[PDB]
Amino acid sequence: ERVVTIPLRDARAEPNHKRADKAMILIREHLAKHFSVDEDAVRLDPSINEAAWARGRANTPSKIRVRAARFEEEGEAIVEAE
Amino acid sequence: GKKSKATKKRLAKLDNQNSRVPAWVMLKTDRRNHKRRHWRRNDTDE
Amino acid sequence: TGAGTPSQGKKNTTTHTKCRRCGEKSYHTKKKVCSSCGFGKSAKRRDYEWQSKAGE
Amino acid sequence: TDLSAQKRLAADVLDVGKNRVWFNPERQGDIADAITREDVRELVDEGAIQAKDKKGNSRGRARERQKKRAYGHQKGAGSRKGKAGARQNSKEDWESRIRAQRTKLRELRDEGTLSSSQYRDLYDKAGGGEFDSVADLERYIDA
Amino acid sequence: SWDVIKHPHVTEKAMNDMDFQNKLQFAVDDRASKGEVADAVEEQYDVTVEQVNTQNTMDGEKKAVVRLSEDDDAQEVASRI
RNA sequence: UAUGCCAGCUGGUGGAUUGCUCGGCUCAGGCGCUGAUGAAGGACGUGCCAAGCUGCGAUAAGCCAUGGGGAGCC
RNA sequence: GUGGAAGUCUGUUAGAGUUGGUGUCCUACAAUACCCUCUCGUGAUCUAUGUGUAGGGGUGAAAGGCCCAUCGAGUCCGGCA
RNA sequence: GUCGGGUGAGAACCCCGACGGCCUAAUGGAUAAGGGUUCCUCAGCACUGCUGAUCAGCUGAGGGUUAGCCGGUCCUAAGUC
RNA sequence: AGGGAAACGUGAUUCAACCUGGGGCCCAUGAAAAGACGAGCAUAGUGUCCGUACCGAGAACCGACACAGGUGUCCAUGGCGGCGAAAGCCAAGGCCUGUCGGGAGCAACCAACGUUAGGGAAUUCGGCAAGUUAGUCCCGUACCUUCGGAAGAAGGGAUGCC
RNA sequence: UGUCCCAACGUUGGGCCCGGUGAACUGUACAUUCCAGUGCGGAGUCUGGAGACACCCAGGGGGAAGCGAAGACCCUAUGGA
Ligand SMILES: [Cl-]
Ligand SMILES: [Cl-]
Ligand SMILES: [Mg+2]
Ligand SMILES: [Mg+2]
Ligand SMILES: [Mg+2]
Ligand SMILES: [Mg+2]
Ligand SMILES: [Mg+2]
Ligand SMILES: [Mg+2]
Ligand SMILES: [Mg+2]
Ligand SMILES: [Mg+2]
Ligand SMILES: [Mg+2]
Ligand SMILES: [Mg+2]
Ligand SMILES: [Mg+2]
Ligand SMILES: [Mg+2]
Ligand code: NA
Ligand code: NA
Ligand code: NA
Ligand code: NA
Ligand code: NA
Ligand code: NA
Ligand code: NA
Ligand code: NA
Ligand code: NA
Ligand code: NA
Ligand code: NA
Ligand code: NA
Ligand SMILES: [Sr+2]
Ligand SMILES: [Sr+2]
Ligand SMILES: [Sr+2]
Ligand SMILES: [Sr+2]
Ligand SMILES: [Sr+2]
Ligand SMILES: [Sr+2]
Ligand SMILES: [Sr+2]
Ligand SMILES: [Sr+2]
Ligand SMILES: [Sr+2]
Ligand SMILES: [Sr+2]
Ligand SMILES: [Sr+2]
Ligand SMILES: [Sr+2]
Ligand SMILES: [Sr+2]
Ligand SMILES: [Sr+2]
Ligand SMILES: [Sr+2]
Ligand SMILES: [Sr+2]
Ligand SMILES: [Sr+2]
Ligand SMILES: [Sr+2]
Ligand SMILES: [Sr+2]
Ligand SMILES: [Sr+2]
Ligand SMILES: [Sr+2]
Ligand SMILES: [Sr+2]
Ligand SMILES: [Sr+2]
Ligand SMILES: [Sr+2]
Ligand SMILES: [Sr+2]
Ligand SMILES: [Sr+2]
Ligand SMILES: [Sr+2]
Ligand SMILES: [Sr+2]
Ligand SMILES: [Sr+2]
């Protein structure tokens with residue numbers, strides 16, 4: 001378990017009206033990588049969803065501090081806002 | 001629309017004819033309802 | 001307005017209906033005349049020699 | 001589990017739009033067994049099924065504007081969109097004025113201040129649009 | 001000569017009408033009137049008919065909803081057939 | 001030696017071919033009117049389960065009589 | 001000043017229509033469609049249903065227009081191989 | 001649309017919640033014509049569905065339309081027999 | 001009575017519906033019939049027959065289709081806005097089915113579209129396309145004219161908030 | 001005033017790669033062509049040379065006198081209207 005700061009500047013690569021969506025993806029990929037786990041095993045707590053969609057589908061925050069934990073036999077992660 | 005009593009009887013009959021060939025008729029004849037109609041795909045008379 | 005597809009949408013009038021006399025859906029409910037058997041027009045049944053080849 | 005039918009019954013029993021009925025997430029199983037309307041009312045009392053509140057537009061910002069305007073503000077040239085006669089109907093305004101002038105003249109007469117003949121002269125002049133307002137009429141009466 | 005009563009119409013909705021409203025439901029000849037349905041029912045089960053509502057069904061038949069008097073008991077009537 | 005060409009082998013696909021015929025086509029002989037005593041035709045019903053065909057008509061794949069027939073039938 | 005006329009004006013009110021883009025489409029969403037622009041919008045107005053006029057005949061403020069995707073003579077079958 | 005969750009052998013698109021959105025003469029409510037059971041329930045996914053499908057206007061089986069006072073029914077219109 | 005968890009209001013303005021009047025127009029004159037009223041009251045009995053589901057449309061209708069087309073009526077008084085049944089935003093209500101998704105800062109090229117220095121129609125058959133102007137108030141307004149008009153001519157100024 | 005000088009950068013949807021779904025047009029045969037010539041005088045296929053290792057992706061369309069339609073022009077028919 002640790003606190004990490006995820007940069008979401010790469011969402012700008014996707015069309016503007018769909019940034020929120022790409023954000024939620026970048027977040028899952030970042031945790032999967034930095035916690036050495038499969039993306040399928042990463043669980044994003046709704047708190048994170050709401051943070052990214054706060055300004056609608058086109059206005060994503062440039063970064064987001066997220067608190068994630070790693071455990072269990074198969075290896076999974078649980079993440080949330082902070 | 002407004003259906004008369006007679007129109008209604010005919011519509012009902014058509015609905016009944018729209019059933020399947022009973023399973024036993026299958027065994028007995030040892031192996032289709034050629035008149036199977038659909039309300040949308042088809043058009044009834046009148 | 002085209003005579004084709006767009007003009008087909010206006011068609012919701014009932015004309016030809018099941019005929020009391022012959023059972024065909026040819027009784028014109030506006031004319032009250034069957035185009036198939038002649039009901040409403042003649043006591044005799046509608047018939048014509050041109051409904052078949054001349055020598056048959 | 002599929003609760004769309006239950007949503008329809010709930011909207012009816014709660015007398016609200018389907019979009020406002022709320023089903024407790026932790027009780028999908030019980031709501032799913034709800035077959036009858038009675039089963040629905042039962043769950044309603046249990047609070048497992050509730051009706052979200054409907055909104056009403058706030059009129060606060062409108063009320064402030066109404067005040068400023070009733071006080072004569074926020075109606076400068078830059079705030080008008082309609083033609084003058086559209087902002088105030090002229091025939092309608094004349095009806096207001098002429099009636100007020102005739103009521104005035106009618107009161108002065110029964111009161112004794114005006115003789116039926118002085119009243120006539122003024123009444124006919126009012127009808128000819130001689131006075132801009134009641135005050136204008138009074139000012140004239142005072143010679 | 002066609003008969004008035006064809007057979008009891010037995011369905012969930014029919015039973016409710018029987019347990020809760022003292023009503024019996026019948027499939028009847030569609031040429032029969034409400035009055036002819038009342039008479040026939042009284043003569044067949046020796047009961048007193050109070051009201052009869054009819055409906056020409058999408059099965060090509062006529063359904064009748066016969067309410068008996070408080071003197072009779074639908075549940076018990078239908079239960080003897 | 002990949003992509004691939006030609007012929008064949010095993011297996012498909014397809015339904016030709018051969019064989020078969022409850023259907024046709026044509027000829028010949030016999031026969032020949034029905035209906036208000038409501039015909040022909042149609043509609044809707046009618047079966048334990050019954051959608052189609054056939055039959056039948058609220059007595060609804062059937063009722064009665066006489067003769068035939070026969071240990072099966074629905 | 002009053003009054004409120006008008007085959008009157010503005011108007012994507014409803015509603016009717018369609019100047020240009022020679023835009024989009026052109027094995028289409030569509031055998032006549034889509035978008036913007038554009039015209040009419042109290043009248044010779046628009047519109048629903050009912051009803052009448054039938055083929056060398058209708059109907060036509062006339063374009064040989066229209067009479068069920070068909071018209072300088074409809075459609076079907078027959079004449080007919 | 002997205003995040004969680006539900007059901008299921010199987011879930012991007014079947015259901016719940018949250019967050020995010022779309023429609024305001026309509027993408028809402030009642031209806032005429034026309035359609036004809038498409039309505040409701042249960043069980044299903046070979047068929048139909050611009051992908052998938054546990055879903056459905058699809059398949060199987062049942063069920064559903066209750067009137068003295070709402071229509072028809074009555075009257076007559078252009079006009080028809 | 002009913003309904004509501006509860007309270008279970010009182011006044012006012014503007015007033016669709018509905019009611020009732022006044023005026024004007026016609027080389028145009030705006031149905032008929034059944035029926036009803038006229039013509040009281042009690043109690044009782046009778047009131048049969050047919051329709052009744054559902055869709056009513058970017059999937060239930062017509063268009064071969066779950067077709068961006070076509071298809072009548074009433075909801076024309078929900079809030080802000082403003083002249084407004086206009087735009088834009090928002091309720092009630094409906095929907096995420098104008099139903100395939102995943103991925104590449106996602107190249108060329110195409111469809112829609114934003115911004116372009118200086119020049120300013122040189123482009124082109126042609127200013128085609130795009131743009132310029134714009135609402136409201138004040139000032140002011142030519143030729144011509146059938147005296148109606150031309151006219152919003154043109155041109156000039158103003159516009160928020162407190 | 002990006003119509004133009006003279007084009008640039010950006011936005012959204014496609015285009016490209018991946019999963020699933022999955023047509024049509026067209027097809028005498030052969031076919032890697034190019035330059036000349038020849039030929040019914042407008043040849044990928046004949047002749048002479050030149051060039052040419054096979055396969056695949058993307059592209060804009062030079063050629064196949066490309067595909068689509070038994071030329072709507074013209075003439076001819078002891079044709080039609
Ligand atoms: Cl009705
Ligand atoms: Cl008055
Ligand atoms: Mg059924
Ligand atoms: Mg289900
Ligand atoms: Mg005036
Ligand atoms: Mg009834
Ligand atoms: Mg008409
Ligand atoms: Mg669709
Ligand atoms: Mg520039
Ligand atoms: Mg030039
Ligand atoms: Mg222009
Ligand atoms: Mg030719
Ligand atoms: Mg010629
Ligand atoms: Mg000639
Ligand atoms: Na149909
Ligand atoms: Na029955
Ligand atoms: Na004979
Ligand atoms: Na059968
Ligand atoms: Na005057
Ligand atoms: Na145009
Ligand atoms: Na002719
Ligand atoms: Na308003
Ligand atoms: Na889908
Ligand atoms: Na430009
Ligand atoms: Na080419
Ligand atoms: Na000709
Ligand atoms: Sr259809
Ligand atoms: Sr026209
Ligand atoms: Sr159209
Ligand atoms: Sr019509
Ligand atoms: Sr006749
Ligand atoms: Sr004859
Ligand atoms: Sr049934
Ligand atoms: Sr006008
Ligand atoms: Sr106008
Ligand atoms: Sr043009
Ligand atoms: Sr344009
Ligand atoms: Sr075209
Ligand atoms: Sr007006
Ligand atoms: Sr035509
Ligand atoms: Sr012929
Ligand atoms: Sr399967
Ligand atoms: Sr349904
Ligand atoms: Sr008033
Ligand atoms: Sr209803
Ligand atoms: Sr509706
Ligand atoms: Sr539509
Ligand atoms: Sr809402
Ligand atoms: Sr789908
Ligand atoms: Sr800028
Ligand atoms: Sr020029
Ligand atoms: Sr020039
Ligand atoms: Sr100015
Ligand atoms: Sr050679
Ligand atoms: Sr290409």
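So that the names make sense, note that chain A is the first sequence line, chain B the second, and so on, each numbered from 1.
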Quiz prompt | CZ (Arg80(E)) with more than 12 external heavy atoms under 6.0 Å | solution = yes

Exercise. Could you tell me whether the phosphate oxygens of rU48(I), OP1 or OP2, come under 4.0 Å of any side-chain nitrogen or oxygen in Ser33(E)?
Key: no

Practice problem: Scan residues 25-78 of chain D for pairs that pass ring-ring contact (aromatic ring centres under 6.0 Å, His included), counting only residues two or more places apart or in two chains. | Solution: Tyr71(D)-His73(D)

Quiz prompt | N/O (side chain, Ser19(B)) to phosphate O (OP1/OP2, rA51(F)) under 4.0 Å | solution = yes

Quiz item: Is any N or O donor-acceptor pair between the side chain of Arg40(B) and the base of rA59(I) shorter than 3.5 Å?
Solution: yes

Quiz item: If you measure only the distance, is there a donor-acceptor pair under 3.5 Å linking the side chains of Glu70(E) and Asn22(E)?
Solution: no

Quiz item: Can a donor-acceptor pair under 3.5 Å be found between the side-chain atoms of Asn49(A) and the base atoms of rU2(H)?
Solution: yes

Practice problem: Tell me whether the OP1 or OP2 atom of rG36(H) has a side-chain N or O from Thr44(B) closer than 4.0 Å. | Solution: yes

Exercise. Decide if a Watson-Crick or G-U wobble pair links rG45(F) and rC56(F), counting it only when both distances are under 3.5 Å.
Key: yes

Exercise. First locate atom NZ of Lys25(C), then atom SG of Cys19(C), and finally report the distance between them rounded to the nearest 0.5 Å.
Key: 12.0 Å

Practice problem: Kindly indicate whether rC64(F) forms a Watson-Crick or G-U wobble pair with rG78(I), where both distances must fall under 3.5 Å. | Solution: no

Quiz item: Does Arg12(A) make a side-chain donor-acceptor contact with the base of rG105(I), cut-off 3.5 Å?
Solution: yes

Quiz item: Would you find a donor on one side and an acceptor on the other, under 3.5 Å apart, between the side chain of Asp45(A) and the backbone of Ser47(A)?
Solution: yes

Quiz item: Distance-only, no hydrogens or angles: does the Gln51(C) side chain make a donor-acceptor pair with backbone N or O of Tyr48(C) under 3.5 Å?
Solution: yes

Quiz item: Is there a donor and acceptor pair, one atom on the side chain of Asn57(D) and one on the base of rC90(I), closer than 3.5 Å?
Solution: yes

Quiz item: Would you say the side chain of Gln74(D) and the base of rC161(I) hold a donor-acceptor pair, judged only by whether the two atoms sit under 3.5 Å apart?
Solution: no

Quiz item: Is the phosphate of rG64(H), meaning OP1 or OP2, less than 4.0 Å from a side-chain N or O of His9(E)?
Solution: yes

Quiz item: So, are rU31(H) and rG72(I) sitting in a Watson-Crick or G-U wobble pair, both contacts under 3.5 Å?
Solution: yes

Self-check item: Pair partner, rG155(I) [Watson-Crick or wobble, under 3.5 Å]
Solution: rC139(I)

Practice problem: Identify whether any heavy atom of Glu36(E) sits under 4.0 Å from a base atom; if not, whether one sits that close to sugar-phosphate; answer base, sugar-phosphate or nothing. | Solution: nothing

Quiz item: Is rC9(J) the Watson-Crick or G-U wobble partner of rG114(I), both distances being under 3.5 Å?
Solution: yes

Quiz prompt | G-U wobble or Watson-Crick pair formed by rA56(H) and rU48(H) (both under 3.5 Å) | solution = yes

Self-check item: Residue mapping more 5' on RNA chain F - nearest nucleotide basis, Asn18(B) or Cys19(C)
Solution: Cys19(C)

Self-check item: Pair test for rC34(J) and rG61(J): Watson-Crick or G-U wobble, both under 3.5 Å
Solution: no

Practice problem: Indicate whether OP1 or OP2 belonging to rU37(H) is found under 4.0 Å from a side-chain N or O atom of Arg37(B). | Solution: yes

Quiz item: Does the side chain of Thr57(E) pick up a donor-acceptor pair with the side chain of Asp59(E) at under 3.5 Å?
Solution: no

Quiz item: With no hydrogens and no angle check, do the side chains of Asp93(D) and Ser96(D) hold a donor and an acceptor under 3.5 Å apart?
Solution: no

Exercise. Report yes or no: is there a donor-acceptor pair, N or O only, under 3.5 Å between the side chain of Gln28(D) and the base of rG5(H)?
Key: yes

Exercise. Please indicate whether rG118(I) is base-paired to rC19(I) in either the Watson-Crick or the G-U wobble sense, using a 3.5 Å limit on both distances.
Key: no

Self-check item: Counter-base of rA43(J), judged by Watson-Crick or G-U geometry with both distances under 3.5 Å
Solution: none

Self-check item: Reading 5' to 3' through nucleotides 56-78 of chain G, protein heavy-atom contacts under 4.0 Å coded B for base, S for sugar-phosphate only, - for none
Solution: ------------BBS------BS

Quiz prompt | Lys35(B) side-chain proximity, nearest of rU37(H), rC53(F), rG4(G) | solution = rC53(F)

Quiz item: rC70(H) with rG51(I): Watson-Crick or G-U wobble pair, both contacts under 3.5 Å?
Solution: yes

Quiz prompt | Presence of donor-acceptor pair under 3.5 Å, side chain of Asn33(B) and base of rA51(F) | solution = no

Quiz item: Does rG34(H) pair up with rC55(I), Watson-Crick or G-U wobble, with both distances inside 3.5 Å?
Solution: yes

Exercise. Could you tell me whether the phosphate oxygens of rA18(H), OP1 or OP2, come under 4.0 Å of any side-chain nitrogen or oxygen in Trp22(D)?
Key: yes

Quiz item: Using a cut-off of 4.0 Å between protein heavy atoms and nucleotide atoms, how would you tag nucleotides 65-81 of chain H 5' to 3' with B, S and -?
Solution: BBS--------------

Practice problem: Determine whether more than 12 heavy atoms belonging to other residues, nucleotides or ligands lie under 6.0 Å from atom NZ of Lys5(B). | Solution: yes

Quiz item: Should the ring pair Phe131(D) and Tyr140(D) be called parallel, tilted or perpendicular, given that the plane angle runs from 0 to 90° and is split at 30 and 60?
Solution: tilted

Quiz item: On a plain distance test, is the side chain of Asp2(D) in donor-acceptor contact with the base of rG6(H) below 3.5 Å?
Solution: no

Practice problem: Report yes if a side-chain nitrogen or oxygen of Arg65(D) is closer than 4.0 Å to either non-bridging phosphate oxygen (OP1 or OP2) of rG81(I); otherwise report no. | Solution: yes

Quiz item: What about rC25(F) and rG8(F): are they a Watson-Crick or G-U wobble pair, with both distances under 3.5 Å?
Solution: no

